[PDB]
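Notes to accompany the following structure.
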Amino acid sequence: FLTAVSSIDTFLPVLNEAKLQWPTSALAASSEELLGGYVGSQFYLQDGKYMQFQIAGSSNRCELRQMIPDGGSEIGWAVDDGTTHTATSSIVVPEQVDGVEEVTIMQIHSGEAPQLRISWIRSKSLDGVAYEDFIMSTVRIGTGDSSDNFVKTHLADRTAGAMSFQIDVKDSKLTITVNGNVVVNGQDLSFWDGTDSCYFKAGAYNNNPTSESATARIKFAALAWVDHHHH
Ligand SMILES: O=C(O)[C@H]1O[C@@H](O[C@H]2[C@H](O)[C@H](O)[C@@H](O)O[C@@H]2C(=O)O)[C@@H](O)[C@@H](O)[C@@H]1O
Ligand SMILES: O=C(O)[C@H]1O[C@@H](O[C@H]2[C@H](O)[C@H](O)[C@H](O)O[C@H]2C(=O)O)[C@@H](O)[C@@H](O)[C@@H]1O
């Protein structure tokens, strides 16, 4: 039988502040249901320690979406509200099966757009350099489709072992720290000033696969939204 993520203590804080969306953005499990032992092949405890997400299909997901804590509704915050918004994780990205090409593992998203995607990607060239099997950040600085709307950065080559991430937003600036080192230092998010619908996400969101039956799989050793105001 499949062991439930809530059977250990590690993820209870974030489960109390998230809903699970699967296999689309449709609700799969409320925060209460997650804390109550919701489990399936898409979302279960692997190795007695990892919150594991699995999903197949282009643009499908198995993803946590930040909620107001203690049974609250969907959160919305703004890059320019003056508060520091922080998400931390420790992630084991396994080798992905053929047909999986890009898997978004953390986001800042709003009602209409992804401000930030951290994604594993099989192969991509950035600024004239080819990279394989790596973790990328994609920041939107506009809503258009041309390259001037994005800042894309190689964060790290994929490691077999756990990799730590931290996302911080304060005063319209974004910092991404990977394995303790700052890789994105104060990226401008001021295009999004006044958008009050931002929230964190984490899990597996499957982008541009070449087979819709190929199952993406991501293991979280830790995940939290860190509240700088201590409510
Ligand atoms: O053609 C691309 O791969 C294009 O995708 C962009 O990311 C999109 C994702 O693939 C998903 O469709 C979803 O998350 O929307 C994203 C978006 O529209 O921002 C960027 O990665 C872009 O650089 C790239 O050209
Ligand atoms: O699937 C999408 O295109 C986006 O869905 C978003 O979730 C919202 C959506 O209205 C859902 O049907 C449900 O109501 O939850 C909403 C929400 O939590 O904001 C996000 O999952 C977004 O990341 C997707 O891009």
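Chain identifiers are assigned as A, B, and so on, following the order in which chains appear in the structure tokens; residues are numbered from 1 within each chain, and ligands are numbered from 1 in order of appearance.
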Write out as a compact mmCIF listing (two decimals) with N, CA and C atoms, in the first residue's frame each polymer residue (protein, DNA or RNA) that has an atom no more than 12 Å from ligand 2, with only C-alpha atoms and all ligand atoms counted.
# COMPACT_ATOMS: atom_id res chain seq x y z
N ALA A 18 -1.36 24.70 1.97
CA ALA A 18 -1.36 24.37 0.55
C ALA A 18 -2.55 23.49 0.22
N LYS A 19 -3.01 23.59 -1.02
CA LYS A 19 -3.88 22.60 -1.64
C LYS A 19 -3.09 21.87 -2.73
N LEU A 20 -3.52 20.66 -3.07
CA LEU A 20 -2.90 19.88 -4.12
C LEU A 20 -3.78 19.96 -5.36
N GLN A 21 -3.15 20.33 -6.48
CA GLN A 21 -3.77 20.37 -7.79
C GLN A 21 -3.25 19.20 -8.61
N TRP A 22 -4.17 18.39 -9.13
CA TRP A 22 -3.82 17.23 -9.94
C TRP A 22 -5.08 16.70 -10.61
N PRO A 23 -5.03 16.23 -11.87
CA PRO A 23 -3.88 16.22 -12.79
C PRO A 23 -3.78 17.52 -13.58
N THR A 24 -4.73 18.42 -13.35
CA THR A 24 -4.68 19.76 -13.91
C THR A 24 -4.64 20.74 -12.74
N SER A 25 -5.09 21.97 -12.95
CA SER A 25 -5.20 22.86 -11.79
C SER A 25 -6.46 22.63 -10.98
N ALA A 26 -7.30 21.69 -11.41
CA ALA A 26 -8.42 21.26 -10.58
C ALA A 26 -7.94 20.78 -9.22
N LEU A 27 -8.76 21.05 -8.21
CA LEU A 27 -8.47 20.62 -6.85
C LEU A 27 -8.46 19.11 -6.79
N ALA A 28 -7.37 18.56 -6.25
CA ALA A 28 -7.28 17.15 -5.94
C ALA A 28 -7.45 16.90 -4.45
N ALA A 29 -6.89 17.77 -3.61
CA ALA A 29 -6.98 17.60 -2.17
C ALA A 29 -6.82 18.96 -1.51
N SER A 30 -7.76 19.28 -0.62
CA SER A 30 -7.62 20.48 0.20
C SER A 30 -6.49 20.28 1.22
N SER A 58 1.09 16.65 -21.27
CA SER A 58 1.61 17.99 -21.52
C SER A 58 0.75 19.02 -20.80
N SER A 59 1.39 19.87 -19.99
CA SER A 59 0.79 20.91 -19.17
C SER A 59 0.01 20.36 -17.99
N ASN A 60 0.04 19.05 -17.75
CA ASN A 60 -0.55 18.49 -16.54
C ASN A 60 0.38 18.74 -15.36
N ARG A 61 -0.18 18.59 -14.15
CA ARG A 61 0.61 18.84 -12.96
C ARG A 61 0.16 17.95 -11.82
N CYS A 62 1.06 17.80 -10.86
CA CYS A 62 0.72 17.37 -9.50
C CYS A 62 1.50 18.35 -8.61
N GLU A 63 0.82 19.36 -8.07
CA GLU A 63 1.50 20.54 -7.57
C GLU A 63 0.78 21.08 -6.33
N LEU A 64 1.55 21.50 -5.33
CA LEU A 64 1.00 22.25 -4.21
C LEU A 64 0.90 23.73 -4.57
N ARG A 65 -0.17 24.37 -4.09
CA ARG A 65 -0.49 25.76 -4.37
C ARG A 65 -0.71 26.45 -3.02
N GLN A 66 0.03 27.52 -2.77
CA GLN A 66 0.03 28.17 -1.46
C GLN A 66 -1.35 28.68 -1.06
N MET A 67 -1.75 28.36 0.16
CA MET A 67 -3.01 28.78 0.75
C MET A 67 -2.75 29.53 2.05
N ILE A 68 -3.75 30.31 2.44
CA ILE A 68 -3.75 30.88 3.79
C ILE A 68 -3.74 29.74 4.79
N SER A 73 -8.37 30.13 2.52
CA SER A 73 -8.56 30.13 1.07
C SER A 73 -7.24 30.48 0.38
N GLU A 74 -7.31 30.60 -0.95
CA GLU A 74 -6.15 30.90 -1.78
C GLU A 74 -5.51 32.23 -1.37
N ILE A 75 -4.19 32.21 -1.20
CA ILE A 75 -3.45 33.42 -0.86
C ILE A 75 -3.16 34.24 -2.12
N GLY A 76 -2.98 35.53 -1.91
CA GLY A 76 -2.50 36.43 -2.93
C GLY A 76 -1.64 37.49 -2.29
N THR A 104 8.63 21.74 -14.19
CA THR A 104 8.65 22.86 -13.26
C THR A 104 8.44 22.33 -11.84
N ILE A 105 9.37 22.68 -10.94
CA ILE A 105 9.40 22.16 -9.58
C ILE A 105 9.11 23.21 -8.50
N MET A 106 9.29 24.50 -8.78
CA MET A 106 8.80 25.57 -7.93
C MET A 106 8.37 26.74 -8.81
N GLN A 107 7.40 27.51 -8.32
CA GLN A 107 6.93 28.69 -9.05
C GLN A 107 6.63 29.84 -8.09
N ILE A 108 6.70 31.05 -8.65
CA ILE A 108 5.87 32.17 -8.22
C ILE A 108 4.89 32.37 -9.37
N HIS A 109 3.60 32.32 -9.08
CA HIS A 109 2.56 32.45 -10.10
C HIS A 109 1.50 33.43 -9.60
N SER A 110 0.76 34.04 -10.52
CA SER A 110 -0.31 34.97 -10.18
C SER A 110 -1.59 34.47 -10.84
N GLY A 111 -2.61 35.34 -10.86
CA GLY A 111 -3.84 34.95 -11.50
C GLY A 111 -3.71 34.69 -12.99
N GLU A 112 -2.68 35.24 -13.62
CA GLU A 112 -2.57 35.17 -15.07
C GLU A 112 -1.22 34.75 -15.62
N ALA A 113 -0.17 34.60 -14.81
CA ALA A 113 1.14 34.37 -15.40
C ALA A 113 2.08 33.77 -14.37
N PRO A 114 3.12 33.09 -14.85
CA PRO A 114 4.23 32.68 -13.99
C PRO A 114 5.29 33.78 -13.90
N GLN A 115 5.42 34.38 -12.72
CA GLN A 115 6.53 35.31 -12.51
C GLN A 115 7.86 34.58 -12.56
N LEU A 116 7.92 33.38 -11.97
CA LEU A 116 9.13 32.58 -11.90
C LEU A 116 8.76 31.12 -12.01
N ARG A 117 9.48 30.38 -12.85
CA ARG A 117 9.52 28.92 -12.82
C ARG A 117 10.96 28.48 -12.59
N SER A 197 -2.05 39.00 -6.63
CA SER A 197 -2.55 37.64 -6.73
C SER A 197 -1.42 36.62 -6.78
N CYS A 198 -0.20 37.02 -6.43
CA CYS A 198 0.94 36.10 -6.47
C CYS A 198 0.88 35.08 -5.34
N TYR A 199 1.48 33.93 -5.60
CA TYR A 199 1.55 32.84 -4.64
C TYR A 199 2.67 31.89 -5.06
N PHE A 200 3.14 31.09 -4.10
CA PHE A 200 4.10 30.04 -4.38
C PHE A 200 3.42 28.75 -4.82
N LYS A 201 4.16 27.96 -5.59
CA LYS A 201 3.80 26.59 -5.96
C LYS A 201 5.04 25.72 -5.90
N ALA A 202 4.84 24.41 -5.71
CA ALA A 202 5.94 23.46 -5.82
C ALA A 202 5.37 22.07 -6.08
N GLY A 203 6.12 21.27 -6.82
CA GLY A 203 5.74 19.89 -7.10
C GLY A 203 6.30 19.47 -8.45
N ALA A 204 5.42 19.04 -9.35
CA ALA A 204 5.81 18.66 -10.71
C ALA A 204 4.76 19.16 -11.69
N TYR A 205 5.18 20.06 -12.59
CA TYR A 205 4.34 20.61 -13.64
C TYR A 205 5.08 20.34 -14.95
N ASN A 206 4.46 19.53 -15.81
CA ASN A 206 5.15 18.90 -16.94
C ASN A 206 5.00 19.74 -18.19
N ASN A 207 6.12 20.23 -18.72
CA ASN A 207 6.13 21.18 -19.81
C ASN A 207 6.75 20.58 -21.08
Interatomic distance (Å, one decimal) between CA of residue 41 (chain A) and CA of residue 119 (chain A):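 CA of residue 119 (chain A) lies 21.6 Å from CA of residue 41 (chain A).
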Residue nearest ligand 1 among A:165, A:191, A:150, A:38 (counting only C-alpha atoms and all ligand atoms): A:150
Long-range neighbours of residue 14 (chain A) as a ChimeraX atom specification, 7 Å cut-off, only C-alpha atoms, 5 positions minimum in chain: /A:223-225
Surrounding residues of residue 123 (chain A) excluding itself and chain neighbours under 3 positions, 7 Å, only C-alpha atoms, as a count of residues only: 3
Residue 159 (chain A) surroundings by only C-alpha atoms, 9 Å radius, close-in-sequence under 6 positions cut, as a PyMOL selection string: chain A and resi 92-94+134
For ligand 1, the nearest of the candidates A:163, A:121, A:156, A:182, counting only C-alpha atoms and all ligand atoms: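 Going through A:163, A:121, A:156, A:182 one by one, the smallest distance to ligand 1 is for A:121.
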Pick from A:208, A:54, A:153, A:190 nearest to ligand 1, counting only C-alpha atoms and all ligand atoms: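 Ranked by minimum distance to ligand 1, first place goes to A:208.
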Which of region 50-226 of chain A fall in helix (DSSP H, G or I), as an MDAnalysis selection string: chainID A and resid 147:149 190:192
Nearest to residue 42 (chain A) by atom-to-atom distance, counting only C-alpha atoms, from A:10, A:185, A:3, A:86: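 Using only C-alpha atoms, the shortest distance to residue 42 (chain A) belongs to A:3.
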Among listed residues A:141, A:56, A:155, A:183, nearest ligand 1 (using only C-alpha atoms and all ligand atoms):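 Distance minimum relative to ligand 1 lands on A:141.
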8 Å contact set for residue 167 (chain A), only C-alpha atoms, chain neighbours under 5 positions out, as a ChimeraX atom specification: /A:85-88,174-177
Keeping C-alpha atoms, export the residues of the selection given above as a CSV table (one decimal), in the first residue's frame.
chain,number,residue,atom,x,y,z
A,85,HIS,CA,8.1,36.2,0.7
A,86,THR,CA,10.2,33.1,1.0
A,87,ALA,CA,9.9,29.5,-0.2
A,88,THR,CA,12.5,26.8,0.7
A,174,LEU,CA,14.0,38.3,-6.5
A,175,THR,CA,16.9,36.2,-5.1
A,176,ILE,CA,17.4,32.5,-5.8
A,177,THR,CA,19.9,30.6,-3.6
Residue contacts of residue 221 (chain A) (8 Å, only C-alpha atoms) excluding same-chain residues fewer than 4 positions away, as JSON, numbers by chain: {"A": [49, 50, 51, 89, 90, 91, 92, 162]}
